[PDB]
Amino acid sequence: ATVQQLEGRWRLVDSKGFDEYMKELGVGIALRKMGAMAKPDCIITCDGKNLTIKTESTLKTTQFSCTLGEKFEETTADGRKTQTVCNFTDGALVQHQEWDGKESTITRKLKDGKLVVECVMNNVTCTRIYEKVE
């Protein structure tokens, strides 16, 4: 397993728990309705240690870039400004966010050709499945 295996355009095909996760983050109604309705593509690109993740839906486009292992300021889709670190560890990309004394982790892994995204904050979870598309 390598980080390069995560590269490409991926399309959301299933979501569980996301609304509960957004509620744990304290996201307000407008953004929760967007999160519930949007069916994003995620575009992952990497060159060595540089990683970029872009998302595109009918509602919103987002993007961040980082160096694997380096702490950086991430402005999230819900508007937090987190201290984030991304690492490819034990066959997953792990995105660890810290802000205001809180923490949340997002993992991304290839399983049976699909991109499995899992979110957690304070034992509130979600699982989002994406299929590789052209």
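So that there is no doubt, residue numbering starts at 1 and follows the sequence shown. For the two forms, the rigid core is made up of the largest set of C-alpha atoms that agree within 1.5 Å on superposition.
Fitting each structure in 7 other deposited structures of this protein onto the rigid core and averaging C-alpha distances over structures and residues, 28 to 36 emerges as the more displaced of 28 to 36 and 46 to 54. Farther on average from this form in 7 other deposited structures of this protein lies stretch 55 to 63, the comparison being between 68 to 76 and 55 to 63 by RMS Cα distance after core superposition. Averaged over their C-alpha atoms, the temperature factors of 22 to 30 and 44 to 52 are higher for 44 to 52. Taking the mean C-alpha B-factor of each stretch as recorded, 1 to 9 and 125 to 133 are not equal, and the higher mean is that of 1 to 9. Per the deposited coordinates, the residue with the largest Cα temperature factor out of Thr75, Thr89, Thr84, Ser104 is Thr89. In this PDB entry, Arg80 carries a Cα temperature factor that places it within the lowest third of its chain's modelled residues. Residue-level temperature factors show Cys119 in the lowest third of its chain, judged at the C-alpha atom. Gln97: CA B factor in the lowest third of modelled residues in this chain (values from the PDB entry). Annotation for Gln63: C-alpha temperature factor in the lowest third relative to the rest of the modelled chain, per the entry.
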